[PDB]
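Presented below is the structure to which this report refers.
Here's what the structure looks like:
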């Protein structure tokens, strides 16, 4: 019965190519060390929920205002998901509302923009290379469909120039202030941004994606106390699937003493109209189920213990890097991400990242505060949200730092052999050169011996 | 301690609520009759590929222009997926390019819009009550609803209410006055084929691009039973589920090679849609692609290239024709006479009722249906037609005699609708009708009907696991 | 000293160049036959009003809401002007308002566009070649700042296709539909356009610039019966200065059946804000005084007698031209214009009109349905009211008909001698032939001796 | 018969109402004292040229590319006018071009905007409450008022509230963040000179154009007493009256010739602003130009090229310095310390009052002035400064002692205003101030002051007629 078995044949028997590809990817992820702030591993429950039968049911609409029938279970599931989302951050249901229909973070941001900014409006957000539009063309859709004037961080101290921000806000008259960032270890002053938005009558939007889990454990002050709209995601902190969440205020905005009447919020209806049928159509029920499972798993004491272990291991890694003689800029860090400058060592960030990738070591490259050169980014970024989930410890992070030191010594040897005056092309030519490849091979094997010890969460 | 079990505990033991919800949903879908056109059941291979470790790896960028390291396996997988996509439609790789980065159909449509329309431009697509989609342009005189109508200027063309076919003459006359930049060829409720040759001629006369939307007929194009629009259209946006039995994703096919030749100088002009689409998709709108979705699309495309898929599509169209003839045998008014696809539109005005009441009554007896307006209706909030789809049941093993039995069941349901409407009068409202559905008078009849249809549905298996 | 003379010396003593230029222009205008429909001759009263001391006063704003002090006289003058404007068309002041601040017709159109179209909106109006935007670029500012698609008349008969207009407007959803014409001299069904606007909830715009004074004499049905906003100029019919007027509806728009309430018109405030301080600044008081004098002179029986003489002379000229074998197209026209065709003779309108300008006869080409090319026009439009303002009678119009017949004969002779396949520059060179120069000089002497008998209105 | 009596009747016999209105206006202008900066009396030659028969002739089009016929005289007049305009400012015809077709300053500004800014672009002009003009961009948080703010995106820069000079540093820092396409250099209530070199450097660093507006100094640049901005600016729009003694019109000067050369290929780039400006003026916004206005501005430009004009401008600046020193001696605070142009701004916060009431009190005694906010005022509804213009009275033949007498009269008026304000209290509203002004107690004093100033002003003639 091959005709009936076609819909029931396993993946190993149906397509061996993708099966071998997935097996090789799992083998690489198991024996390869990962040091990336955005990299993590999801639990098995969310993986089982993604492969559920909810991928077939079409559920356009909202509970009580659906378009199709037989959506009682879907409505109950989404209600449970939104209740768990509201309870995870300890928010009053009468004043806060959550939406999980957007597919990811960028669609959620675009929906919020179409709902609030009234395209061709004015936005004020943080600059891209400081943690986006050009004079010749516009790359990001936010600059294409909307007008934005970014504010620059102070190049001397490294903090937001609040006086210049207020001046540019009162001179530009924006409609929404973006209180979000990608590379900023210091905590933002949400109260000052809130009072600025109240003085200018604009809204405040925060982006707590990269810290979505850090706020869950109460390690970072919650931005829900001042910001009106709070957009975030579910991965890179919560070990969940790829989805987006939007938090908006509900209730009375401010009572008007001129007429004695009160004004109610209107963000809920605008957002609900912007998500559907504005941009997206049928939501992903499996994604909502995975998000609900991740949110329920995050509301346990084990999540707080894991976050404490994360911050402790980050502090231990910073201390180990400082002990060996490395210069950690910006006075360490106040979050999980770690930024180090290897300019004084005599090695470039991109070359070091390439040599680390050659020996099964992962990292990230980004510019440093006060951009001085776009061709030589020396802001090598480190993070361990996934190694802590696997079961790494500070005594093991000492050996990880020893491996990083061996890698930087290999990079120094390569730069001394090929020459510091050599361009990037001839350097890329000598990554797999035999001259020292055996040494590089050594830098691989021991690393593998360190990777096969710890297990890999997921499906067996 | 408990940290090792937290990342390894099964969902049945971790969260019993969502487990019971999924079990109840599967039990409902097993004993139910699904007649929605955009409804199908994915295979086990796609479900297993979606729940792989690819959800952990971040793969922002394009092959050869990646931003991070260690992307060999992801690049190989995406290359295999795009090769299978190009081979599934028998397209020359030197003349056609495929992109699978968009998350779904609407993101792909918005990406093509921001790439080619040059926002604040002019768009002409199919009207929504005439079988169009929300992304094809929809706006009223009061305010704009769809994002395509907000960011762009859309003017949809009307369909001929007498014969039911698209009035190509009115479109040609309006193209000279409106001067559009891109013509949308996409249908959601339409039982006939489109004249892509005349649309391409009009686009060349007006100097505009052509964007086809083969969402429903996609799998049909995989079987060769429907003329492929790749012969005339420039851009082609399509989905992966619906009928192709894949995960929720979108695919964009664009032209490559020489677009035109200058007769005077002789210089060869090359296409420029590839770079624009690649820039609009990333980092224009979306960020990190879903590797699991790409793997599922690749598996579905590999499974579609078999003869079993063509046999399944032939059985789908045969059961569609059988259901159509069995329903027109009972005296039901069918628009346009027949159907050239899997979806059919049954008109209820010949029975003295509307589509909403019949859809709700079918919903009461576990019969999946959807309402839709007919060409020539005086109001959009009171639809008179019902949309039925064959492949949802055909994927389970339904036959011609079984389809005739389901047609008799829908006839009995329509008789029940007429009885309930005559019991509450002709001047009643819809709330009173819904209250009469849950009444004790018709409780026994609808209960017996639901039990009968559930016993009939329990004989066929349900794919998944 | 010299300061007492610099601001007191006449124009003849100050600058002799512009003085001689004005003298030559007046001499040319004295001996000649201006056959353009747009040209006219203003009275001496408005000429003295333009040279008044009102040019020094720099006033801004509207009466009762001025910015500077001591504007009582300007406010009284503007009130008298608007009262005379309302009384000239027999309009109820409680339902109609008039504004004279716009400088000309196109500024008034742009002001009402910024007031009622909400730029980046939708407009529906007649195109250029049927009495405007290209496929590559945009020429008019209306297509640049606003989106618009034109509706075209049927090619067989030439009347407005109202059914196709309804079918297009039902899907295009226009915000304001205009009703104007420059070469389509057939009456428009304003009731059907009003019904269309009420069905689509849009506004109706009228352009009575060509028939403005013709509405003052009651010869043409007034478009104020159905149209909401009616713009018009001040010259070419009423013999006034360069200015424009905007008429808008006032009162209750419609009754609200929900609670028995009523919706009042708000076009007044929008038009006022768009005019000032939207586009223009300080209005021209001299222009206001001139248009006020013109409106006061137009409300007399002499104006109606002049319009009757205009239409009688137009009928007589059309009959005299038809008698001489010249095929008049569309049976002439309705109000004041005639259009002779020369395609039956063989020569185009361009050669005839350039020979006419060579023999001191003022004519101009125009685009009409049938003449698919502007470089080779077949339509020669003339103008009646100028000769009537100069005092020409029926026998005088017959003499002008004999003169234009002789001119067409001379043009045909020139074309036959130079060849029908010759280019335009060959025709220009043949126009300077010895015998042709003698003939055109004789014709010029004849027409100058004919025109010297009739006086020229203006300053002594 | 009737046509000889209607079209030849004088204005006094035809319409007596407008005749009496004009007579009353002339009497008010002769007996009253005007101190507004944007006020002047045109010569009799311009008034005679305005009333010529040129109003009848239509001149739609450009010289050499006309549409109608018989325009040789109008073409020669426009050529003479543009030649006089080019020669008045000592500009090379091969490098500069002039256009006089715009009707006024605002239409010319809008034409330059729609020609160069590429609407929906970004502009940076001077703020309205900081001495700027309304056409230079002005918008609030609730809605947009100016058409420039509606069609374009404008972000104005403020003036230093401490010293009173334009903060070029803040403008330079904001130019890199806003990325403007055109920088506006213009003002209406600024008593100092502009640093056009710094603005040109900022524009070259940002790659944007520099649009100058020399309206209030249109005459000052003619006599060479103020440095000309043509050395750095590309496009300069100006008026024809205010301080030039001409009719209502506007002029636009644009650069011509080679803009820059390519260092790599060696090919020189030519300017393209001429064609864009010509297309934006006609048939972009306006239609048929005013030949009488062209003749009047030509006469004014020919009269301005004499030595009497330079002597008049020197007398204006001397009387302005004398009035400034008299106001400083009278204990009144002068903004920015002095004035380098014809206009001055006197602050009233040093005496404990505002300009709103003082303006109307001066108007009650036949003293014309205008209120304006001072740099540092927290509310635009209560302005504190008063703007005074010397060239309005200098055109009649006043001297330093005459301006000192006017300053003494203004001081007495300010004393009366302070007395009236103290009589009604500080917490009183402006309407209560108006009602208290109607009382005979102060009405007798203001009437005596009005009689005195009228008897003083009647001793001087009034140009015109």
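Protein chains in written order, with UniProt numbering: chain A, 16 to 146, 153 to 481; chain B, 16 to 480; chain C, 16 to 146, 153 to 481; chain D, 16 to 480.
All C-beta atoms, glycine included, are put in the ideal place defined by N, C-alpha and C.
(1) Does DSSP put residue 285 (chain C) in a helix, a strand or coil?
(2) Residues in its own chain within less than 8 Å of residue 158 (chain A) by CB, not counting five upstream and five downstream?
(3) Nearest-angstrom Cα distance between residue 305 (chain D) and residue 261 (chain C)?
(4) So with CB distances below 7 Å, who are the chain D contacts of residue 193 (chain A)?
(5) Considering Cα atoms alone, identify which of B:60, B:53, B:55, B:21 is closest to residue 481 (chain B).
(6) Measure the Cβ-Cβ separation of residue 384 (chain D) and residue 374 (chain D) and say whether it is below 7 Å.
(7) Count the other CB atoms within 10 Å of the CB of residue 298 (chain C); is the residue buried (16 or more) or exposed (fewer)?
(8) How far does the beta strand (DSSP E) with residue 275 (chain C) in it extend, from its first residue to its last?
(9) Please identify the residue among A:40, A:355, A:468, A:68 whose C-alpha is closest to the C-alpha of residue 70 (chain B).
(10) Taking the alpha-carbon positions, what's the residue 45 (chain C) to residue 72 (chain D) distance?
(11) Relative to the C-alpha of residue 178 (chain C), which residue among C:49, C:350, C:387, C:37 is closest?
(12) Is it buried or exposed for residue 148 (chain A), if we count other Cβ within 10 angstroms and need 16 for buried?
(13) Could you list which residues in chain D have their beta carbon closer than 9 Å to that of residue 221 (chain A), in chain order?
(14) Whole-angstrom Cβ separation of residue 204 (chain B) and residue 360 (chain B), contact assumed at under 8 Å?
(15) Give every residue of the same chain whose Cβ lies closer than 8 Å to the Cβ of residue 168 (chain D), excluding the five residues on either side of it in the sequence, and list them in chain order.
(16) What does residue 416 (chain B) reach in chain C if we use C-beta pairs closer than 7 Å?
(17) Hey, is residue 310 (chain C)'s beta-carbon within less than 7 Å of any beta-carbon in chain D?
(18) Using only the alpha-carbon positions, how far apart do residue 197 (chain D) and residue 128 (chain D) sit?
(19) Excluding the 5 residues preceding and the 5 following residue 27 (chain D) in the sequence, name in chain order all residues of the same chain whose CB lies nearer than 7 Å to its CB.
(20) If residue 215 (chain B) sits next to residue 183 (chain B), beta carbons under 8 Å apart, how far is it from one beta carbon to the other, in whole angstroms?
(21) Please report whether the beta-carbon of residue 234 (chain B) lies at a distance below 7 Å from any beta-carbon of chain A.
(22) Just the Cα atoms here: how many angstroms apart are residue 484 (chain D) and residue 206 (chain C)?
(23) Residue 412 (chain C) touches chain D at which residues, Cβ-Cβ below 8 Å?
(24) Under 9 Å, CB to CB, which of the residues in the region 129-142 of chain B have a partner in chain C?
(25) Does chain B have any CB closer than 7 Å to the CB of residue 21 (chain A)?
(26) Tell me the DSSP bridge mates of residue 470 (chain D)?
(27) From what residue to what residue does the alpha helix (DSSP H) around residue 356 (chain C) run?
(28) Can you pull out the residues from the region 453-473 of chain C whose beta carbon lies closer than 7 Å to at least one beta carbon of chain E?
(29) For the alpha helix (DSSP H) that residue 20 (chain B) lies in, which residues bound it at each end?
(30) With DSSP collapsed to three states, give me the class of residue 449 (chain B).
(31) Looking at the structure shown, is residue 241 (chain D) part of a helix, part of a strand, or coil, going by DSSP?
(32) Alpha carbon to alpha carbon, what distance is there between residue 269 (chain D) and residue 491 (chain D)?
By the coordinates alone:
(1) By one-based count along the third chain, residue 285 (chain C) stands at place 264. In the three-state reduction of the DSSP assignment, residue 285 (chain C) falls in the strand class, which pools E and B.
(2) Along the first chain, one-based indexing puts residue 158 (chain A) at 137. No residues qualify anywhere along the chain.
(3) If you number the fourth chain from 1, residue 305 (chain D) lands on position 290. If you number the third chain from 1, residue 261 (chain C) lands on position 240. Between residue 305 (chain D) and residue 261 (chain C), the C-alpha separation is close to 14 Å.
(4) Residue 193 (chain A) sits at position 172 when you count from the first residue of the first chain. Within chain D, the residues 170 have their CB atoms less than 7 Å from the CB of residue 193 (chain A), given in chain order.
(5) In the structure as shown, chain B begins at 16 and stops at 480. Residue 481 (chain B) is therefore absent and cannot be evaluated.
(6) Indexing the fourth chain from 1 puts residue 384 (chain D) at position 369. Indexing the fourth chain from 1 puts residue 374 (chain D) at position 359. Yes; because the gap between Cβ atoms is below 7 Å, this pair is in contact.
(7) Start at 1 with the first residue of the third chain, and residue 298 (chain C) comes out as number 277. Burial call: buried.
(8) On the third chain, residue 275 (chain C) is found 254 positions in, with the first residue counted as 1. Going by DSSP, residue 275 (chain C) is part of the beta strand (DSSP E) stretching over 273-277.
(9) Position 55 of the second chain, counting from 1, holds the residue named residue 70 (chain B). Sorting A:40, A:355, A:468, A:68 by C-alpha distance to the C-alpha of residue 70 (chain B) places A:40 at the top.
(10) For the purposes of this step, residue 45 (chain C) is taken as residue 30 along the third chain, with counting starting at 1. For the purposes of this step, residue 72 (chain D) is taken as residue 57 along the fourth chain, with counting starting at 1. So the alpha carbons of these two residues sit roughly 12 Å apart.
(11) Here residue 178 (chain C) refers to the residue found at position 157 when the third chain is read from its first residue. Per the Cα distances, C:350.
(12) Structure remark: chain A lacks residues between 146 and 153, so residue 148 (chain A) is without coordinates.
(13) Within the first chain, numbered from 1, the residue matching residue 221 (chain A) stands at position 200. The CB of residue 221 (chain A) comes closer than 9 Å to the CB of 156 in chain D, given here in chain order.
(14) Along the second chain, read from residue 1 onward, the residue named residue 204 (chain B) stands at position 189. Along the second chain, read from residue 1 onward, the residue named residue 360 (chain B) stands at position 345. The Cβ separation is near 6 Å, so the contact holds.
(15) Here residue 168 (chain D) corresponds to residue number 153 of the fourth chain, with the count starting at 1. Within the same chain, residue 168 (chain D) has close Cβ partners 135, 136, 137, 138.
(16) For the purposes of this step, residue 416 (chain B) is taken as residue 401 along the second chain, with counting starting at 1. Result: empty, since nearest Cβ-Cβ is about 46 Å, beyond 7 Å.
(17) The count along the third chain starts at 1 and reaches residue 310 (chain C) at position 289. It does; some Cβ of chain D falls within 7 Å.
(18) For the purposes of this step, residue 197 (chain D) is taken as residue 182 along the fourth chain, with counting starting at 1. For the purposes of this step, residue 128 (chain D) is taken as residue 113 along the fourth chain, with counting starting at 1. If I take the Cα positions, the gap works out to 9 Å.
(19) Along the fourth chain, one-based indexing puts residue 27 (chain D) at 12. Apart from the 5 residues on each side of it in sequence, residue 27 (chain D) sits with its Cβ closer than 7 Å to the Cβ of 34 in its chain, given in chain order.
(20) In the second chain, counting from the first residue as 1, residue 215 (chain B) sits at position 200. In the second chain, counting from the first residue as 1, residue 183 (chain B) sits at position 168. The C-beta distance from residue 215 (chain B) to residue 183 (chain B) rounds to 12 Å, too long to meet the 8 Å contact threshold.
(21) The residue labelled residue 234 (chain B) in the question sits at position 219 within the second chain. So, not an interface residue.
(22) There is no way to answer for residue 484 (chain D), as the model of chain D reaches only from 16 to 480.
(23) The residue labelled residue 412 (chain C) in the question sits at position 391 within the third chain. Near residue 412 (chain C) (Cβ distances below 8 Å), the residues of chain D are 18.
(24) Across the region 129-142 of chain B, CB contacts with chain C closer than 9 Å involve 135, 137, 142, in sequence order along the chain.
(25) Sequence index remark: in the first chain, residue 21 (chain A) carries index 6 (1-based). Yes, because at least one Cβ of chain B sits closer than 7 Å to the Cβ of residue 21 (chain A).
(26) Indexing the fourth chain from 1 puts residue 470 (chain D) at position 455. Beta bridge pairing from DSSP links residue 470 (chain D) with no other residue.
(27) By 1-based counting over the third chain, the position of residue 356 (chain C) is 335. No alpha helix (DSSP H) contains residue 356 (chain C), which DSSP labels as neither H nor E.
(28) No chain E is part of this structure, whose protein chains are labelled A, B, C and D.
(29) Taking the first residue of the second chain as 1, we reach residue 20 (chain B) at position 5. Judged by DSSP secondary structure, residue 20 (chain B) falls within the alpha helix (DSSP H) whose first and last residues are 18-21.
(30) The residue labelled residue 449 (chain B) in the question sits at position 434 within the second chain. When DSSP states are grouped into helix, strand and coil, residue 449 (chain B) belongs to the helix group.
(31) For this step, residue 241 (chain D) is matched to residue 226 along the fourth chain. Assignment of residue 241 (chain D) by DSSP, reduced to helix, strand and coil, places it in the coil class.
(32) The requested residue 491 (chain D) does not occur in the structure, where chain D is confined to residues 16 to 480.
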